>>> print(open('model16.cif').read())   # mmCIF, N, CA, C and O atoms and all ligand atoms
data_entry
#
loop_
_atom_site.label_atom_id
_atom_site.label_comp_id
_atom_site.auth_asym_id
_atom_site.auth_seq_id
_atom_site.Cartn_x
_atom_site.Cartn_y
_atom_site.Cartn_z
N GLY A 126 -1.12 0.46 -0.99
CA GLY A 126 0.06 0.31 -0.25
C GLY A 126 0.40 1.56 0.50
O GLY A 126 -0.24 2.60 0.46
N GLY A 127 1.37 1.32 1.33
CA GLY A 127 2.06 0.11 1.15
C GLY A 127 2.27 -0.58 2.43
O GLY A 127 1.70 -0.22 3.45
N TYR A 128 3.21 -1.49 2.40
CA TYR A 128 3.72 -2.02 3.63
C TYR A 128 5.13 -1.60 3.77
O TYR A 128 5.80 -1.18 2.82
N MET A 129 5.55 -1.66 5.00
CA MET A 129 6.91 -1.41 5.36
C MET A 129 7.74 -2.66 5.13
O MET A 129 7.26 -3.78 5.26
N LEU A 130 8.99 -2.46 4.72
CA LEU A 130 9.94 -3.51 4.61
C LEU A 130 10.83 -3.59 5.84
O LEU A 130 11.08 -2.59 6.55
N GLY A 131 11.38 -4.77 6.03
CA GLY A 131 12.54 -4.94 6.88
C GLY A 131 13.76 -5.07 5.99
O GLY A 131 13.66 -5.19 4.77
N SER A 132 14.94 -4.88 6.58
CA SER A 132 16.17 -5.09 5.84
C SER A 132 16.36 -6.58 5.57
O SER A 132 15.93 -7.41 6.37
N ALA A 133 17.02 -6.91 4.46
CA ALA A 133 17.42 -8.31 4.22
C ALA A 133 18.42 -8.76 5.27
O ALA A 133 19.30 -8.01 5.71
N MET A 134 18.25 -10.01 5.68
CA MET A 134 19.07 -10.62 6.68
C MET A 134 19.44 -12.03 6.26
O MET A 134 18.82 -12.62 5.37
N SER A 135 20.44 -12.56 6.93
CA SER A 135 20.76 -13.98 6.83
C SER A 135 19.56 -14.81 7.26
O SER A 135 18.98 -14.57 8.32
N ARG A 136 19.20 -15.82 6.46
CA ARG A 136 18.07 -16.64 6.87
C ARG A 136 18.45 -17.38 8.16
O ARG A 136 19.58 -17.86 8.31
N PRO A 137 17.53 -17.38 9.14
CA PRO A 137 17.87 -17.78 10.50
C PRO A 137 18.17 -19.28 10.62
O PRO A 137 17.63 -20.10 9.89
N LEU A 138 18.98 -19.63 11.61
CA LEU A 138 19.18 -21.01 11.99
C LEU A 138 17.96 -21.40 12.79
O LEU A 138 17.65 -20.78 13.80
N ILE A 139 17.33 -22.50 12.38
CA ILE A 139 16.14 -23.02 13.07
C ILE A 139 16.27 -24.54 13.18
O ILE A 139 16.44 -25.23 12.16
N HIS A 140 16.18 -25.03 14.41
CA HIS A 140 16.10 -26.46 14.64
C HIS A 140 14.64 -26.90 14.64
O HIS A 140 13.95 -26.77 15.64
N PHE A 141 14.15 -27.34 13.49
CA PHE A 141 12.80 -27.82 13.39
C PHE A 141 12.67 -29.14 14.14
O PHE A 141 13.51 -30.02 14.03
N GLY A 142 11.56 -29.29 14.87
CA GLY A 142 11.30 -30.51 15.57
C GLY A 142 11.07 -31.70 14.72
O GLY A 142 11.50 -32.81 15.08
N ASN A 143 10.40 -31.46 13.60
CA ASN A 143 10.18 -32.49 12.60
C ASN A 143 11.49 -32.61 11.83
O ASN A 143 11.94 -31.68 11.13
N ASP A 144 12.12 -33.77 11.95
CA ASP A 144 13.44 -33.99 11.34
C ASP A 144 13.46 -33.77 9.82
O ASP A 144 14.43 -33.22 9.29
N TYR A 145 12.46 -34.30 9.11
CA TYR A 145 12.42 -34.13 7.69
C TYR A 145 12.29 -32.60 7.35
O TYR A 145 12.96 -32.13 6.39
N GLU A 146 11.48 -31.82 8.07
CA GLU A 146 11.41 -30.40 7.83
C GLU A 146 12.75 -29.70 8.11
O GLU A 146 13.17 -28.82 7.39
N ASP A 147 13.37 -30.14 9.18
CA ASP A 147 14.72 -29.66 9.53
C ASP A 147 15.71 -29.79 8.37
O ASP A 147 16.37 -28.82 8.05
N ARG A 148 15.79 -30.98 7.77
CA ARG A 148 16.65 -31.23 6.62
C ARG A 148 16.19 -30.47 5.36
O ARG A 148 17.00 -29.88 4.66
N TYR A 149 14.88 -30.38 5.21
CA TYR A 149 14.30 -29.75 4.03
C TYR A 149 14.61 -28.23 4.01
O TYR A 149 14.89 -27.66 2.92
N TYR A 150 14.55 -27.58 5.19
CA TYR A 150 14.89 -26.18 5.28
C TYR A 150 16.31 -25.93 4.80
O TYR A 150 16.56 -24.97 4.04
N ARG A 151 17.23 -26.78 5.23
CA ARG A 151 18.63 -26.66 4.85
C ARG A 151 18.84 -26.92 3.36
O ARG A 151 19.59 -26.20 2.70
N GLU A 152 18.19 -27.96 2.84
CA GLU A 152 18.35 -28.30 1.44
C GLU A 152 17.84 -27.20 0.50
O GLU A 152 18.44 -26.93 -0.56
N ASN A 153 16.72 -26.59 0.89
CA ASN A 153 15.94 -25.70 0.07
C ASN A 153 15.86 -24.26 0.58
O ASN A 153 15.01 -23.50 0.14
N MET A 154 16.82 -23.91 1.45
CA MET A 154 16.83 -22.65 2.20
C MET A 154 16.56 -21.41 1.37
O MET A 154 15.87 -20.47 1.80
N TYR A 155 17.14 -21.33 0.16
CA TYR A 155 17.00 -20.13 -0.68
C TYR A 155 15.59 -19.92 -1.23
O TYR A 155 15.30 -18.84 -1.79
N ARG A 156 14.71 -20.92 -1.08
CA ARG A 156 13.31 -20.73 -1.50
C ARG A 156 12.54 -19.76 -0.61
O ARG A 156 11.51 -19.23 -1.02
N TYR A 157 13.05 -19.50 0.59
CA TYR A 157 12.29 -18.79 1.61
C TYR A 157 12.72 -17.33 1.66
O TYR A 157 13.82 -17.00 1.23
N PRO A 158 11.84 -16.43 2.14
CA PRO A 158 12.17 -15.01 2.23
C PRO A 158 13.42 -14.77 3.10
O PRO A 158 13.75 -15.59 3.97
N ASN A 159 14.15 -13.70 2.80
CA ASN A 159 15.16 -13.18 3.69
C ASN A 159 14.88 -11.75 4.09
O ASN A 159 15.74 -11.07 4.64
N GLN A 160 13.61 -11.38 4.00
CA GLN A 160 13.15 -10.09 4.46
C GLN A 160 11.64 -10.10 4.56
O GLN A 160 10.96 -10.88 3.88
N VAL A 161 11.15 -9.29 5.47
CA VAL A 161 9.75 -9.26 5.82
C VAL A 161 9.06 -7.95 5.45
O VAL A 161 9.72 -6.89 5.38
N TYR A 162 7.75 -8.05 5.25
CA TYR A 162 6.86 -6.93 4.98
C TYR A 162 5.90 -6.87 6.15
O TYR A 162 5.39 -7.91 6.58
N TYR A 163 5.49 -5.66 6.53
CA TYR A 163 4.64 -5.46 7.73
C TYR A 163 3.97 -4.12 7.74
O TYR A 163 4.36 -3.22 7.02
N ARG A 164 3.04 -3.94 8.67
CA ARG A 164 2.54 -2.62 8.95
C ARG A 164 3.35 -2.04 10.10
O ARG A 164 3.90 -2.80 10.90
N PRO A 165 3.50 -0.72 10.14
CA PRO A 165 4.38 -0.11 11.13
C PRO A 165 4.17 -0.60 12.55
O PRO A 165 3.03 -0.71 13.03
N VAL A 166 5.29 -0.84 13.23
CA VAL A 166 5.30 -1.42 14.56
C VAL A 166 4.50 -0.58 15.55
O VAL A 166 3.83 -1.12 16.44
N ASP A 167 4.61 0.74 15.44
CA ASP A 167 3.90 1.62 16.36
C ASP A 167 2.38 1.57 16.16
O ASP A 167 1.66 2.24 16.87
N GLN A 168 1.89 0.77 15.22
CA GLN A 168 0.44 0.53 15.15
C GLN A 168 0.00 -0.67 15.99
O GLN A 168 -1.18 -1.01 16.02
N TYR A 169 0.96 -1.30 16.67
CA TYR A 169 0.71 -2.49 17.50
C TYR A 169 1.14 -2.28 18.96
O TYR A 169 2.22 -1.73 19.23
N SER A 170 0.35 -2.79 19.90
CA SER A 170 0.72 -2.77 21.31
C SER A 170 1.24 -4.12 21.80
O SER A 170 1.69 -4.24 22.92
N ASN A 171 1.23 -5.12 20.94
CA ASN A 171 1.55 -6.47 21.34
C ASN A 171 2.34 -7.17 20.20
O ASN A 171 2.01 -7.04 19.00
N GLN A 172 3.47 -7.79 20.57
CA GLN A 172 4.31 -8.53 19.61
C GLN A 172 3.54 -9.58 18.84
O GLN A 172 3.75 -9.75 17.64
N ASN A 173 2.73 -10.34 19.55
CA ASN A 173 2.02 -11.44 18.94
C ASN A 173 1.11 -10.97 17.78
O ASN A 173 1.10 -11.59 16.70
N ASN A 174 0.39 -9.87 17.97
CA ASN A 174 -0.48 -9.34 16.91
C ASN A 174 0.32 -8.84 15.72
O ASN A 174 -0.06 -9.07 14.55
N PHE A 175 1.45 -8.21 16.01
CA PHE A 175 2.32 -7.69 14.96
C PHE A 175 2.81 -8.88 14.16
O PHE A 175 2.83 -8.87 12.92
N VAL A 176 3.27 -9.90 14.86
CA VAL A 176 3.92 -11.03 14.16
C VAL A 176 2.94 -11.80 13.29
O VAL A 176 3.22 -12.19 12.13
N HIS A 177 1.74 -11.99 13.82
CA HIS A 177 0.65 -12.59 13.06
C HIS A 177 0.45 -11.90 11.71
O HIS A 177 0.42 -12.55 10.64
N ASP A 178 0.36 -10.58 11.73
CA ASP A 178 0.12 -9.84 10.47
C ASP A 178 1.35 -9.85 9.56
O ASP A 178 1.23 -10.01 8.34
N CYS A 179 2.52 -9.71 10.18
CA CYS A 179 3.81 -9.72 9.47
C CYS A 179 3.95 -11.05 8.72
O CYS A 179 4.32 -11.11 7.53
N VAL A 180 3.61 -12.14 9.40
CA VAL A 180 3.64 -13.44 8.74
C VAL A 180 2.65 -13.51 7.57
O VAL A 180 3.04 -13.94 6.47
N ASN A 181 1.41 -13.10 7.77
CA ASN A 181 0.42 -13.22 6.71
C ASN A 181 0.78 -12.35 5.49
O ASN A 181 0.68 -12.78 4.34
N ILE A 182 1.20 -11.12 5.75
CA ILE A 182 1.53 -10.19 4.68
C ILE A 182 2.78 -10.66 3.92
O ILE A 182 2.81 -10.68 2.69
N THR A 183 3.79 -11.14 4.65
CA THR A 183 5.03 -11.59 4.01
C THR A 183 4.80 -12.85 3.20
O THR A 183 5.29 -12.97 2.07
N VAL A 184 4.11 -13.82 3.76
CA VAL A 184 3.82 -15.06 3.03
C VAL A 184 2.95 -14.80 1.80
O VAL A 184 3.17 -15.37 0.73
N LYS A 185 1.97 -13.91 1.94
CA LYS A 185 1.16 -13.53 0.80
C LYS A 185 2.05 -12.97 -0.33
O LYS A 185 1.99 -13.40 -1.48
N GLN A 186 2.91 -12.02 0.00
CA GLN A 186 3.73 -11.37 -1.02
C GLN A 186 4.66 -12.39 -1.68
O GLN A 186 4.83 -12.37 -2.90
N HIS A 187 5.27 -13.26 -0.87
CA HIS A 187 6.28 -14.17 -1.38
C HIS A 187 5.62 -15.21 -2.29
O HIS A 187 6.14 -15.59 -3.34
N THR A 188 4.45 -15.66 -1.88
CA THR A 188 3.70 -16.66 -2.66
C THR A 188 3.19 -16.08 -3.97
O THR A 188 3.29 -16.71 -5.02
N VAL A 189 2.70 -14.85 -3.91
CA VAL A 189 2.24 -14.20 -5.14
C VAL A 189 3.39 -13.96 -6.12
O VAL A 189 3.25 -14.23 -7.32
N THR A 190 4.53 -13.49 -5.61
CA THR A 190 5.68 -13.25 -6.47
C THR A 190 6.14 -14.54 -7.16
O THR A 190 6.48 -14.57 -8.35
N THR A 191 6.13 -15.60 -6.39
CA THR A 191 6.55 -16.90 -6.89
C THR A 191 5.57 -17.47 -7.92
O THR A 191 5.98 -17.96 -8.99
N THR A 192 4.27 -17.38 -7.64
CA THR A 192 3.30 -18.03 -8.53
C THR A 192 3.29 -17.36 -9.90
O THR A 192 3.09 -18.03 -10.93
N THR A 193 3.48 -16.04 -9.94
CA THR A 193 3.35 -15.31 -11.17
C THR A 193 4.56 -15.51 -12.10
O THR A 193 4.50 -15.15 -13.28
N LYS A 194 5.64 -16.10 -11.56
CA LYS A 194 6.82 -16.48 -12.34
C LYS A 194 6.71 -17.90 -12.86
O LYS A 194 7.67 -18.44 -13.42
N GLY A 195 5.59 -18.55 -12.55
CA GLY A 195 5.34 -19.93 -12.91
C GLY A 195 6.03 -20.96 -12.04
O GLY A 195 6.14 -22.14 -12.43
N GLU A 196 6.46 -20.54 -10.86
CA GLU A 196 7.05 -21.46 -9.90
C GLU A 196 6.04 -21.85 -8.83
O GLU A 196 4.93 -21.33 -8.83
N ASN A 197 6.43 -22.80 -7.97
CA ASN A 197 5.54 -23.37 -6.98
C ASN A 197 6.21 -23.60 -5.65
O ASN A 197 7.39 -23.89 -5.59
N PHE A 198 5.40 -23.56 -4.61
CA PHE A 198 5.79 -24.07 -3.30
C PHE A 198 5.04 -25.35 -2.96
O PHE A 198 3.84 -25.46 -3.21
N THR A 199 5.75 -26.27 -2.30
CA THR A 199 5.16 -27.49 -1.78
C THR A 199 4.49 -27.20 -0.43
O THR A 199 4.73 -26.16 0.21
N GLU A 200 3.69 -28.15 0.06
CA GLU A 200 3.12 -28.06 1.40
C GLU A 200 4.22 -27.92 2.47
O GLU A 200 4.13 -27.09 3.37
N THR A 201 5.31 -28.67 2.28
CA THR A 201 6.44 -28.55 3.18
C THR A 201 7.06 -27.15 3.14
O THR A 201 7.35 -26.56 4.22
N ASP A 202 7.25 -26.61 1.94
CA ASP A 202 7.76 -25.24 1.80
C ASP A 202 6.90 -24.26 2.63
O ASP A 202 7.43 -23.34 3.25
N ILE A 203 5.57 -24.39 2.55
CA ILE A 203 4.70 -23.44 3.22
C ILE A 203 4.91 -23.53 4.74
O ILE A 203 5.02 -22.50 5.42
N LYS A 204 4.99 -24.75 5.27
CA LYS A 204 5.18 -24.93 6.72
C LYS A 204 6.51 -24.30 7.16
O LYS A 204 6.60 -23.59 8.18
N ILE A 205 7.55 -24.53 6.39
CA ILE A 205 8.86 -23.97 6.74
C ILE A 205 8.87 -22.47 6.59
O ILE A 205 9.38 -21.76 7.45
N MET A 206 8.32 -21.98 5.48
CA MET A 206 8.27 -20.55 5.22
C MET A 206 7.59 -19.79 6.37
O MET A 206 8.03 -18.72 6.80
N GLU A 207 6.50 -20.34 6.87
CA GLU A 207 5.79 -19.67 7.94
C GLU A 207 6.64 -19.54 9.19
O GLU A 207 6.60 -18.52 9.86
N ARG A 208 7.39 -20.59 9.51
CA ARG A 208 8.30 -20.56 10.66
C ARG A 208 9.45 -19.59 10.47
O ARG A 208 9.84 -18.85 11.41
N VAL A 209 10.05 -19.61 9.29
CA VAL A 209 11.17 -18.74 8.99
C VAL A 209 10.75 -17.26 9.10
O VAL A 209 11.43 -16.43 9.75
N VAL A 210 9.61 -16.96 8.50
CA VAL A 210 9.08 -15.59 8.49
C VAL A 210 8.68 -15.17 9.90
O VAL A 210 8.96 -14.04 10.31
N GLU A 211 8.10 -16.08 10.68
CA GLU A 211 7.77 -15.76 12.05
C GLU A 211 9.02 -15.29 12.78
O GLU A 211 8.99 -14.28 13.52
N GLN A 212 10.12 -16.04 12.64
CA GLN A 212 11.33 -15.67 13.35
C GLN A 212 11.84 -14.29 12.93
O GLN A 212 12.22 -13.46 13.77
N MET A 213 11.83 -14.04 11.63
CA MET A 213 12.32 -12.77 11.13
C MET A 213 11.37 -11.62 11.52
O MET A 213 11.84 -10.52 11.82
N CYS A 214 10.08 -11.90 11.63
CA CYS A 214 9.13 -10.90 12.07
C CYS A 214 9.36 -10.56 13.54
O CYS A 214 9.24 -9.40 13.95
N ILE A 215 9.70 -11.56 14.34
CA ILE A 215 9.98 -11.33 15.77
C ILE A 215 11.19 -10.44 15.88
O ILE A 215 11.18 -9.44 16.62
N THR A 216 12.23 -10.80 15.12
CA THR A 216 13.48 -10.05 15.13
C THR A 216 13.16 -8.59 14.76
O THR A 216 13.60 -7.66 15.44
N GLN A 217 12.34 -8.41 13.73
CA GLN A 217 11.98 -7.08 13.24
C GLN A 217 11.19 -6.27 14.29
O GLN A 217 11.48 -5.11 14.53
N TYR A 218 10.22 -6.91 14.96
CA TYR A 218 9.50 -6.26 16.07
C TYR A 218 10.44 -5.82 17.20
O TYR A 218 10.38 -4.68 17.66
N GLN A 219 11.38 -6.69 17.59
CA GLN A 219 12.26 -6.41 18.71
C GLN A 219 13.33 -5.36 18.37
O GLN A 219 13.62 -4.47 19.18
N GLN A 220 13.86 -5.41 17.16
CA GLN A 220 14.89 -4.47 16.71
C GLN A 220 14.28 -3.10 16.51
O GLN A 220 14.82 -2.07 16.94
N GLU A 221 13.15 -3.12 15.83
CA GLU A 221 12.47 -1.92 15.40
C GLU A 221 11.82 -1.23 16.61
O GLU A 221 11.76 -0.01 16.69
N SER A 222 11.35 -2.05 17.54
CA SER A 222 10.88 -1.58 18.83
C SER A 222 12.07 -1.11 19.66
O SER A 222 12.22 0.08 19.92
CL CL A 301 20.66 -16.52 3.61
NA NA A 302 18.83 -26.80 -2.96
#
>>> encode(input="model16.cif", output="structure tokens", more="lines below")
Ligand SMILES: [Cl-]
Ligand code: NA
Amino acid sequence: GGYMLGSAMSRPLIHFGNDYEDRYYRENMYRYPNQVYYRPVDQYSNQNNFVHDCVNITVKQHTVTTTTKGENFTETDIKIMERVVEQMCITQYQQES
């Protein structure tokens, strides 16, 4: 290690196109991260590359933390989590940049 953290934030409002995912995010919102892990922004020249890594690193950490407590994510959770983390990673790239 390590990775850099972002500050905890309010989990973002997201209008998912898939209606059932839209409702599922709201019902189960607290299952998802409210902060991101990443490699330093100044190691990237492009938002898209930063966000890709920020998503992979954050989802990895969150899934590992969850599995070792004996909890689980559904396939739906994973789809939503990736979107939520993407948004927070973008916010982190833009703020931090
Ligand atoms: Cl929240
Ligand atoms: Na709930």
>>> residues_around(input="model16.cif", residues="segment 168-173 of chain A", least_positions_apart="6", cutoff="8 Å", atoms="all atoms listed in the file", output="list in words")
residues 179, 180, 214, 215, 218 and 219 of chain A
>>> closest_residue(input="model16.cif", among="A:147, A:152, A:178, A:200", to="residue 129 of chain A", atoms="only C-alpha atoms")
A:178
>>> closest_residue(input="model16.cif", among="A:187, A:148, A:140, A:177", to="residue 160 of chain A", atoms="all atoms listed in the file")
A:187
>>> closest_atom_pairs(input="model16.cif", of="chain A", to="ligand CL 301 (chain A)", cutoff="5 Å", atoms="all atoms listed in the file", output="JSON lines")
{"residue": "A:134", "atom": "O", "partner": "A:CL301", "partner_atom": "CL", "distance": 4.7}
{"residue": "A:135", "atom": "CA", "partner": "A:CL301", "partner_atom": "CL", "distance": 4.1}
{"residue": "A:136", "atom": "N", "partner": "A:CL301", "partner_atom": "CL", "distance": 3.3}
>>> axis_aligned_box(input="model16.cif", around="segment 133-152 of chain A", padding_each_side="5 Å", output="AutoDock Vina command-line options")
--center_x 15.5 --center_y -20.6 --center_z 7.5 --size_x 20.6 --size_y 37.4 --size_z 26.2
>>> closest_residue(input="model16.cif", among="A:150, A:163, A:198, A:175", to="ligand NA 302 (chain A)", atoms="only N, CA, C and O atoms and all ligand atoms")
A:150
>>> residues_near_ligand(input="model16.cif", ligand="ligand NA 302 (chain A)", cutoff="10 Å", atoms="only C-alpha atoms and all ligand atoms", output="list in words")
residues 149, 150, 151, 152, 153, 154, 155 and 156 of chain A
